[PDB]
Amino acid sequence: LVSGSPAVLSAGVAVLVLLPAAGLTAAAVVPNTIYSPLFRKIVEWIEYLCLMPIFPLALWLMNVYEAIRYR
Amino acid sequence: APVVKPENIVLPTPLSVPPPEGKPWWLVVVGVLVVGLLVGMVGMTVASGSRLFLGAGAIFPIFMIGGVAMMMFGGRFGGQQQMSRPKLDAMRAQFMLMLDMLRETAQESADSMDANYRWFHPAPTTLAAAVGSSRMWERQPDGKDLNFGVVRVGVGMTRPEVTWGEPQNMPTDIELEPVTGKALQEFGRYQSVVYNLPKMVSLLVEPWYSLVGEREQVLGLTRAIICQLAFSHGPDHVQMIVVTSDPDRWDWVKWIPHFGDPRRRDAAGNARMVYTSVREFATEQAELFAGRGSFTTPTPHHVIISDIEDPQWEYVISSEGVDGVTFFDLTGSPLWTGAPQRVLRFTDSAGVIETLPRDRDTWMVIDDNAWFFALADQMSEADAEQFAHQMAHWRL
Amino acid sequence: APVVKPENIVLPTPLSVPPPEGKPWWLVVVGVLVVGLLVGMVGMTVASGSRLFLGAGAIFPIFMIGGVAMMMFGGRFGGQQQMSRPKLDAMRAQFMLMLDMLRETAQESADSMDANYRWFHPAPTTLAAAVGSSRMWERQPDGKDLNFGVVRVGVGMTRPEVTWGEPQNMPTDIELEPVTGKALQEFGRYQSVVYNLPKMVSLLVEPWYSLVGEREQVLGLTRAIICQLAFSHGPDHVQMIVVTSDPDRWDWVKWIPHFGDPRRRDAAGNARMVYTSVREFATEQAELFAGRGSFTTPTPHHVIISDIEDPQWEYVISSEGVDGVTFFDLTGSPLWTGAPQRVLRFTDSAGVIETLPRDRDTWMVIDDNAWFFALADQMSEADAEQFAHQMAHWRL
Amino acid sequence: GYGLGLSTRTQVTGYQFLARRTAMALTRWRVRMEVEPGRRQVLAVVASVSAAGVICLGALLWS
Amino acid sequence: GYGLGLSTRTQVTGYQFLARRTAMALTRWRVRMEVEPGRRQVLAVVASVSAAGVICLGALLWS
Amino acid sequence: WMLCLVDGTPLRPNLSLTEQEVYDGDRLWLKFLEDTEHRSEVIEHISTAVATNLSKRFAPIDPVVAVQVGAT
């Protein structure tokens, strides 16, 4: 809505139609399939790995690093 | 019929933990000195400002790369050691799961006991089945005699058929780990009893009972007792007598065949064994017996119920009673209340009976202090009359 | 004749493994701090740029040259220790090879059992040998009596002659190593039985059997039974009777000498013991016996087969049967199906018999629940007729 | 045991254990506790915070 | 045990072991596993990759 | 035995038809209510009691629900 780029529009409609469709496919597949213990541990670790870096990124957004490098 | 089984289960031994001794005073001085050195070094790096010094001042004191391992010597030198936590938490969890397994074993045992007791002792309302399971208890001193002379009076606690063997090897009270110790305390406290089972009175162990409380509580319980006996025991095994000053409250009992006197006949059938005074005993057949010995079986076991409040009972009733007859003193008086083990006292308006704790098995008093016993299965006059109209249908 | 031997083999004990406790929270803080120092040092080397600092910043922190050994203190301080893996993997492999040795021992035992059973119980098609091994089973209660009164009815599972001794010293379920535990579960599950061996019915343990299912399934099985008995047992030991409403289906049995009545003679030889009604019993010689006791030997053991669907059997047949005679109720009726241990029920179109599990040795029922028993060795009318034309050639 | 009376560190960990076990009984409906992801991810949070602190110090050293 | 449920590291190595044993049963037709060259040569691959990485870093330091 | 309204609720045996509002042309259902009295369970440990009460009394997520959520 803010940007008027048609490429942005195409990316937005693409993610809106694929990502919940991917969720549907995951909901249909996952409870019926077996899985390897390695893949299961990978899926656990995906959580922690996507959880950890959000505080340095947040400090990036406040520019606390840029403020403290020059205070 | 249902099944029930006793069990014995030893409770597990709680965890032990050595109490921390506390760090010596010099260790605190050393810690403060170490921090003083660290801040002095970094401060002189800031004051010196050259990037060489800022490198050197961090490069040489990197010791934590080994010190993370050297923490293991904390238990040698006596520093603080919080790091044993994970193993202890695993031990706690393990013990707790073991306790859960014991708890579910207690649950299934208690369910078995419940099913058995309620099979032997249906609630008064449910007695309107009046066929199939009716009058099925037996005289003879084996088998059914475990429940021949016993009546459900209420609901309450009882000790389970599982027996908790002692948690042997208890650590001393300073070594006792708080969680597992407290949990085991609570297990012993609450798995000590099964709640809301039928509470029973045996007619064979006291010469009489005396009922102290509000009038309709006492009456409602009495009607419940009468209908329990009438369903469970046939007229050929148990006969009933009511001695009253208020026969309108007792007009429902006329239908019950157990009140039928086999000796006198009238238009309606057998004579009703309801008398308006103790002087109105024109029986003299229940009054030629000797004193009563409590059972550890007479042909009918007469149950005589009195709310006449007459001083003349103490003539035909000694301090010990009559052989084949048990008594129920409604309107509790000092004549009948001379034995606290015989007094069922409505302490709370709902009909909470207190009396003495008795052994589940022998019905013998275990200790002399009055305690919570049951909440009475009080029953209305209409339900009693309805059951009586059911029981009147049968003649076997 | 072949050989077979029982064995007892204790299964090996699975591996044990202590569950990891998990690192304490401060260890994570320390790790992050250590990485922060490392990146700070190298960053200040890049910012300082002089090759002296770039040397020094790598030269002083080379600690891994000792730390590769100092990993051994990980088990002291409680760090992560993945390095025990090779030893555990060796233990796993070793245990697995031991299990393979046990499996091949089970294989050779099962092969011996198979060879024995099929020697005693050839498939119906193969019975056309009709000489050499024919009629070789014996009356007398020793030896051949283990297979004198028993008939192959199908193929299915049986318990092996190896007996799996318990895997003693099982670790607790948190210590139990996943691979070896699961493998041992699967071994116990699948080496529990030998698949596709001859399944047997003993004629000496039930007074009758009743055959429930589709008509041609039942008939095909019946023809198979008859030809099995005719090959295995001589006419002097087992005699046969068919009582039917549809003699065209039973026209092939005329050739079999076991149906020959020795008492009545006609042009073709001995009279055929095939009757069109239970009322057509003009024998009266198999009907003067007493009730039957199941064996734990009569001169001929009469086998009477009925698909007449007549209520008149219950007169000459009590609830217990006749002494020297076993019965087979084709067209399953409530009269004959009063004992589930006697009912062979075609549950699947191919001829899957379900009935009660019986002991391999005593033929006695082990438990009351109906279960998979066999797939029936059904045989066509043409094969039965062909075998009958073979058996008619012999008179010994 | 009312009031602000003293308590030992073994009781501190014993309470924190019962708190975690009750939290697991609350979010999941199982109390078999042989492994617990709650701890693992709060450790991941701790890693996030300590990394932000470390980088903040590494920012302080510039002038 | 369907789905994406949790698994312990001892199960991760237990599966990787069964994967290697099945791979050896597939390429060779023996499962006696007292020594295994599969591991040895994938370690040689790992040595190749780590050496290329190291030399790539050693290339980065020039300016 | 109970007489019940067709909506399900049992009538009071101590009350007449009138004051519990039975009217002409109504319908009633003659049930035999099974006795619901039994022992009260008790779990002493707070955590285990929470877990079993919730598991007994509420409904977990299930793949049947999950597919509908994905479709929504």
# chains A, B, ... in the order shown; residues from 1 in each chain; ligands from 1
>>> select_by_dssp(residues="chain E", states="alpha helix (DSSP H)", output="PyMOL selection string")
chain E and resi 9-27+37-60
>>> write_last_selection(atoms="N, CA and C atoms", output="short mmCIF file (atom, residue, chain, number, x, y, z; two decimals), in the first residue's frame")
data_model
loop_
_atom_site.label_atom_id
_atom_site.label_comp_id
_atom_site.auth_asym_id
_atom_site.auth_seq_id
_atom_site.Cartn_x
_atom_site.Cartn_y
_atom_site.Cartn_z
N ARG E 9 19.70 -36.22 21.49
CA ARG E 9 20.94 -36.39 20.74
C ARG E 9 21.39 -37.85 20.67
N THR E 10 21.13 -38.63 21.71
CA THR E 10 21.41 -40.06 21.64
C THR E 10 20.58 -40.76 20.57
N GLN E 11 19.38 -40.26 20.29
CA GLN E 11 18.63 -40.77 19.15
C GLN E 11 19.19 -40.26 17.83
N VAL E 12 19.73 -39.05 17.81
CA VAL E 12 20.34 -38.55 16.58
C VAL E 12 21.52 -39.42 16.18
N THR E 13 22.40 -39.72 17.13
CA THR E 13 23.49 -40.62 16.79
C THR E 13 23.01 -42.04 16.54
N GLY E 14 21.98 -42.50 17.24
CA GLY E 14 21.44 -43.82 16.96
C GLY E 14 20.86 -43.97 15.56
N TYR E 15 20.18 -42.94 15.08
CA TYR E 15 19.72 -42.94 13.70
C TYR E 15 20.88 -42.86 12.73
N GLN E 16 21.83 -41.95 12.96
CA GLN E 16 22.96 -41.86 12.04
C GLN E 16 23.73 -43.17 11.95
N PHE E 17 23.85 -43.88 13.07
CA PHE E 17 24.41 -45.23 13.05
C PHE E 17 23.60 -46.19 12.19
N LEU E 18 22.28 -46.23 12.38
CA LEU E 18 21.49 -47.10 11.52
C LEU E 18 21.52 -46.69 10.06
N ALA E 19 21.68 -45.40 9.78
CA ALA E 19 21.84 -44.96 8.40
C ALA E 19 23.14 -45.47 7.81
N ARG E 20 24.24 -45.36 8.56
CA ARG E 20 25.51 -45.87 8.04
C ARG E 20 25.48 -47.38 7.86
N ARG E 21 24.96 -48.10 8.85
CA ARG E 21 24.83 -49.55 8.72
C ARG E 21 23.96 -49.95 7.53
N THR E 22 22.88 -49.22 7.27
CA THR E 22 22.08 -49.53 6.10
C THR E 22 22.80 -49.18 4.81
N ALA E 23 23.58 -48.09 4.80
CA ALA E 23 24.36 -47.75 3.63
C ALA E 23 25.40 -48.81 3.33
N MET E 24 26.07 -49.32 4.36
CA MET E 24 27.01 -50.41 4.16
C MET E 24 26.31 -51.68 3.71
N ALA E 25 25.10 -51.92 4.21
CA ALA E 25 24.35 -53.07 3.71
C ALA E 25 23.93 -52.88 2.27
N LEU E 26 23.84 -51.64 1.83
CA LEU E 26 23.44 -51.36 0.46
C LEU E 26 24.58 -51.45 -0.54
N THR E 27 25.73 -50.85 -0.23
CA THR E 27 26.82 -50.86 -1.20
C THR E 27 27.61 -52.15 -1.15
N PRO E 37 34.98 -47.92 6.04
CA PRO E 37 35.73 -46.94 5.26
C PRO E 37 34.89 -45.77 4.83
N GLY E 38 33.56 -45.93 4.83
CA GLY E 38 32.66 -44.84 4.52
C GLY E 38 32.92 -43.61 5.35
N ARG E 39 32.95 -43.79 6.67
CA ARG E 39 33.31 -42.71 7.58
C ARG E 39 34.68 -42.14 7.23
N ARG E 40 35.68 -43.01 7.08
CA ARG E 40 37.05 -42.56 6.82
C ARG E 40 37.13 -41.64 5.60
N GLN E 41 36.48 -42.01 4.51
CA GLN E 41 36.56 -41.15 3.34
C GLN E 41 35.66 -39.93 3.41
N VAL E 42 34.52 -39.98 4.11
CA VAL E 42 33.81 -38.71 4.26
C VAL E 42 34.60 -37.77 5.17
N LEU E 43 35.38 -38.30 6.11
CA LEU E 43 36.33 -37.47 6.83
C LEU E 43 37.38 -36.89 5.91
N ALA E 44 37.82 -37.66 4.92
CA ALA E 44 38.74 -37.10 3.93
C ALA E 44 38.11 -35.98 3.12
N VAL E 45 36.82 -36.11 2.80
CA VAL E 45 36.09 -35.02 2.16
C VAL E 45 36.05 -33.79 3.06
N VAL E 46 35.73 -34.00 4.33
CA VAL E 46 35.69 -32.92 5.30
C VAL E 46 37.04 -32.22 5.40
N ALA E 47 38.12 -32.99 5.40
CA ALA E 47 39.47 -32.42 5.35
C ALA E 47 39.68 -31.57 4.11
N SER E 48 39.17 -32.01 2.96
CA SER E 48 39.30 -31.22 1.73
C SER E 48 38.57 -29.89 1.85
N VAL E 49 37.34 -29.93 2.35
CA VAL E 49 36.53 -28.72 2.44
C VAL E 49 37.10 -27.75 3.47
N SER E 50 37.48 -28.26 4.64
CA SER E 50 38.07 -27.40 5.66
C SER E 50 39.40 -26.81 5.21
N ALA E 51 40.21 -27.56 4.46
CA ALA E 51 41.43 -26.99 3.90
C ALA E 51 41.15 -25.88 2.90
N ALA E 52 40.14 -26.06 2.04
CA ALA E 52 39.77 -24.98 1.13
C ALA E 52 39.28 -23.74 1.86
N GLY E 53 38.47 -23.93 2.91
CA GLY E 53 38.03 -22.81 3.74
C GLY E 53 39.17 -22.06 4.40
N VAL E 54 40.08 -22.81 5.04
CA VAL E 54 41.27 -22.24 5.65
C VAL E 54 42.08 -21.42 4.65
N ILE E 55 42.35 -21.98 3.47
CA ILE E 55 43.13 -21.22 2.48
C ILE E 55 42.36 -19.99 2.01
N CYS E 56 41.03 -20.08 1.93
CA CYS E 56 40.21 -18.92 1.59
C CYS E 56 40.34 -17.80 2.63
N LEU E 57 40.33 -18.16 3.91
CA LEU E 57 40.61 -17.17 4.95
C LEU E 57 42.03 -16.61 4.83
N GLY E 58 43.02 -17.48 4.65
CA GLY E 58 44.40 -17.03 4.46
C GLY E 58 44.57 -16.11 3.26
N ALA E 59 43.68 -16.22 2.28
CA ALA E 59 43.62 -15.31 1.14
C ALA E 59 42.96 -13.99 1.51
N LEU E 60 42.04 -14.01 2.48
CA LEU E 60 41.31 -12.80 2.85
C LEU E 60 42.22 -11.75 3.49
#
>>> closest_atom_pairs(of="chain F", to="chain D", cutoff="7 Å", atoms="only C-alpha atoms", output="CSV")
residue,atom,partner,partner_atom,distance
F:47,CA,D:22,CA,4.7
F:48,CA,D:31,CA,6.6
F:50,CA,D:25,CA,6.2
F:51,CA,D:29,CA,4.6
F:52,CA,D:29,CA,6.9
F:54,CA,D:29,CA,6.6
F:55,CA,D:29,CA,5.6
>>> atom_distance(atom1="atom CA of residue 286 of chain C", atom2="atom CA of residue 223 of chain C")
22.3 Å
>>> residues_around(residues="residue 296 of chain B", least_positions_apart="6", cutoff="9 Å", atoms="only C-alpha atoms", output="ChimeraX atom specification")
/B:204-205,362
>>> interface_residues(of="chain C", to="chain E", cutoff="7 Å", atoms="only C-alpha atoms", output="PyMOL selection string")
chain C and resi 93+178-179
>>> write_last_selection(atoms="N, CA, C and O atoms", output="compact mmCIF listing (two decimals), in the first residue's frame")
# COMPACT_ATOMS: atom_id res chain seq x y z
N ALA C 93 27.20 -51.90 17.73
CA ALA C 93 27.56 -52.85 16.69
C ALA C 93 27.78 -54.24 17.26
O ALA C 93 27.30 -55.24 16.70
N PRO C 178 18.25 -46.40 22.95
CA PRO C 178 17.12 -46.55 22.02
C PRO C 178 17.29 -47.67 21.01
O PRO C 178 16.36 -48.46 20.80
N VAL C 179 18.47 -47.77 20.39
CA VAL C 179 18.69 -48.70 19.29
C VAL C 179 18.60 -50.14 19.76
O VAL C 179 17.83 -50.94 19.21
>>> residues_around(residues="residue 17 of chain C", least_positions_apart="4", cutoff="7 Å", atoms="only C-alpha atoms", output="list in words")
residues 175, 176 and 177 of chain C
>>> write_last_selection(atoms="N, CA and C atoms", output="mmCIF file, in the first residue's frame")
data_model
loop_
_atom_site.group_PDB
_atom_site.id
_atom_site.type_symbol
_atom_site.label_atom_id
_atom_site.label_comp_id
_atom_site.auth_asym_id
_atom_site.auth_seq_id
_atom_site.Cartn_x
_atom_site.Cartn_y
_atom_site.Cartn_z
ATOM 1 N N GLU C 175 17.300 -45.057 31.215
ATOM 2 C CA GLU C 175 18.661 -45.436 30.872
ATOM 3 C C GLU C 175 18.732 -46.285 29.615
ATOM 4 N N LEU C 176 17.608 -46.859 29.191
ATOM 5 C CA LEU C 176 17.580 -47.802 28.081
ATOM 6 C C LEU C 176 17.986 -47.147 26.768
ATOM 7 N N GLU C 177 19.032 -47.677 26.154
ATOM 8 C CA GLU C 177 19.556 -47.117 24.915
ATOM 9 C C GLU C 177 18.566 -47.390 23.789
#
>>> interface_residues(of="chain F", to="chain B", cutoff="8 Å", atoms="only C-alpha atoms", output="number ranges by chain")
F: 14, 35, 38-42, 44-45
>>> residues_around(residues="segment 25-29 of chain F", least_positions_apart="3", cutoff="7 Å", atoms="only C-alpha atoms", output="number ranges by chain")
F: 3-6, 22
>>> closest_atom_pairs(of="chain F", to="chain A", cutoff="8 Å", atoms="only C-alpha atoms", output="JSON lines")
{"residue": "F:63", "atom": "CA", "partner": "A:31", "partner_atom": "CA", "distance": 6.6}
{"residue": "F:66", "atom": "CA", "partner": "A:27", "partner_atom": "CA", "distance": 5.9}
{"residue": "F:67", "atom": "CA", "partner": "A:27", "partner_atom": "CA", "distance": 5.6}
{"residue": "F:69", "atom": "CA", "partner": "A:24", "partner_atom": "CA", "distance": 7.9}
{"residue": "F:70", "atom": "CA", "partner": "A:24", "partner_atom": "CA", "distance": 4.4}
{"residue": "F:71", "atom": "CA", "partner": "A:24", "partner_atom": "CA", "distance": 6.2}
>>> write_last_selection(atoms="N, CA and C atoms", output="mmCIF file, in the first residue's frame")
data_model
loop_
_atom_site.group_PDB
_atom_site.id
_atom_site.type_symbol
_atom_site.label_atom_id
_atom_site.label_comp_id
_atom_site.auth_asym_id
_atom_site.auth_seq_id
_atom_site.Cartn_x
_atom_site.Cartn_y
_atom_site.Cartn_z
ATOM 1 N N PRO F 63 -4.960 -32.817 14.456
ATOM 2 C CA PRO F 63 -4.752 -32.587 13.016
ATOM 3 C C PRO F 63 -6.024 -32.341 12.230
ATOM 4 N N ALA F 66 -6.323 -28.903 12.672
ATOM 5 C CA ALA F 66 -5.195 -28.201 12.076
ATOM 6 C C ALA F 66 -5.397 -27.982 10.585
ATOM 7 N N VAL F 67 -5.958 -28.972 9.895
ATOM 8 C CA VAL F 67 -6.201 -28.819 8.467
ATOM 9 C C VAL F 67 -7.247 -27.745 8.208
ATOM 10 N N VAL F 69 -7.779 -25.155 10.136
ATOM 11 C CA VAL F 69 -7.123 -23.882 10.405
ATOM 12 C C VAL F 69 -6.286 -23.453 9.214
ATOM 13 N N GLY F 70 -5.547 -24.389 8.625
ATOM 14 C CA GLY F 70 -4.765 -24.058 7.447
ATOM 15 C C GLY F 70 -5.631 -23.608 6.286
ATOM 16 N N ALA F 71 -6.772 -24.272 6.094
ATOM 17 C CA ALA F 71 -7.694 -23.869 5.040
ATOM 18 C C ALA F 71 -8.253 -22.482 5.289
#
>>> closest_atom_pairs(of="chain A", to="chain E", cutoff="8 Å", atoms="only C-alpha atoms", output="Markdown table")
| residue | atom | partner | partner_atom | distance |
| --- | --- | --- | --- | --- |
| A:30 | CA | E:3 | CA | 5.1 |
| A:31 | CA | E:3 | CA | 4.7 |
| A:32 | CA | E:2 | CA | 6.1 |
| A:33 | CA | E:2 | CA | 5.7 |
| A:34 | CA | E:2 | CA | 4.6 |
| A:35 | CA | E:3 | CA | 6.6 |
| A:36 | CA | E:15 | CA | 7.3 |
| A:37 | CA | E:12 | CA | 5.3 |
| A:38 | CA | E:12 | CA | 5.2 |
| A:40 | CA | E:4 | CA | 5.5 |
| A:41 | CA | E:7 | CA | 6.0 |
| A:43 | CA | E:4 | CA | 7.4 |
| A:44 | CA | E:6 | CA | 7.0 |
>>> write_last_selection(atoms="C-alpha atoms", output="JSON list (two decimals), in the first residue's frame")
[["chain", "number", "residue", "atom", "x", "y", "z"],
["A", 30, "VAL", "CA", 3.27, -33.58, 9.09],
["A", 31, "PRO", "CA", 0.95, -35.49, 11.50],
["A", 32, "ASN", "CA", 0.86, -38.53, 9.22],
["A", 33, "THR", "CA", 4.50, -38.85, 8.19],
["A", 34, "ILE", "CA", 7.33, -40.37, 10.19],
["A", 35, "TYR", "CA", 10.53, -38.34, 10.54],
["A", 36, "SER", "CA", 14.18, -38.88, 11.30],
["A", 37, "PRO", "CA", 15.47, -37.84, 14.75],
["A", 38, "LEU", "CA", 18.03, -35.66, 12.99],
["A", 40, "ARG", "CA", 13.41, -33.33, 14.35],
["A", 41, "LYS", "CA", 16.49, -31.95, 16.13],
["A", 43, "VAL", "CA", 13.48, -28.36, 13.55],
["A", 44, "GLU", "CA", 14.04, -27.77, 17.27]]
>>> atom_distance(atom1="atom CA of residue 21 of chain C", atom2="atom CA of residue 72 of chain C")
17.5 Å
>>> closest_atom_pairs(of="chain C", to="chain B", cutoff="9 Å", atoms="only C-alpha atoms", output="CSV")
residue,atom,partner,partner_atom,distance
C:20,CA,B:87,CA,8.9
C:21,CA,B:86,CA,5.4
C:22,CA,B:86,CA,6.4
C:23,CA,B:86,CA,7.4
C:24,CA,B:83,CA,6.4
C:26,CA,B:83,CA,8.9
C:27,CA,B:68,CA,7.7
C:30,CA,B:68,CA,7.7
C:31,CA,B:65,CA,8.8
C:34,CA,B:65,CA,7.0
C:37,CA,B:58,CA,7.8
C:40,CA,B:55,CA,8.9
C:41,CA,B:55,CA,6.7
C:44,CA,B:55,CA,7.1
C:45,CA,B:55,CA,8.3
C:47,CA,B:51,CA,8.9
C:48,CA,B:51,CA,7.1
C:53,CA,B:52,CA,7.9
C:57,CA,B:59,CA,7.7
C:60,CA,B:59,CA,7.5
C:61,CA,B:59,CA,7.7
C:63,CA,B:65,CA,8.5
C:67,CA,B:66,CA,8.5
C:70,CA,B:69,CA,8.4
C:71,CA,B:69,CA,8.8
C:73,CA,B:69,CA,6.3
C:74,CA,B:69,CA,6.7
C:76,CA,B:72,CA,6.0
C:77,CA,B:72,CA,4.9
C:78,CA,B:69,CA,8.1
C:79,CA,B:69,CA,8.0
>>> closest_residue(among="A:12, A:52, A:2, A:47", to="chain C", atoms="only C-alpha atoms")
A:52
>>> residues_around(residues="residue 334 of chain C", least_positions_apart="5", cutoff="12 Å", atoms="only C-alpha atoms", output="list in words")
residues 210, 211, 212, 309, 310, 311, 313, 314, 329, 339, 340, 342 and 343 of chain C
>>> write_last_selection(atoms="C-alpha atoms", output="CSV table (one decimal), in the first residue's frame")
chain,number,residue,atom,x,y,z
C,210,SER,CA,-18.6,-76.8,13.3
C,211,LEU,CA,-17.5,-75.1,10.1
C,212,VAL,CA,-18.8,-71.5,9.6
C,309,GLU,CA,-29.0,-79.3,8.7
C,310,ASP,CA,-31.3,-81.6,10.7
C,311,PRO,CA,-32.6,-80.9,14.3
C,313,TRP,CA,-28.7,-84.7,15.8
C,314,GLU,CA,-29.3,-83.3,19.3
C,329,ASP,CA,-20.7,-79.9,11.3
C,339,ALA,CA,-18.5,-74.1,21.8
C,340,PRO,CA,-16.4,-71.4,20.2
C,342,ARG,CA,-15.1,-75.9,18.1
C,343,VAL,CA,-16.0,-73.3,15.5
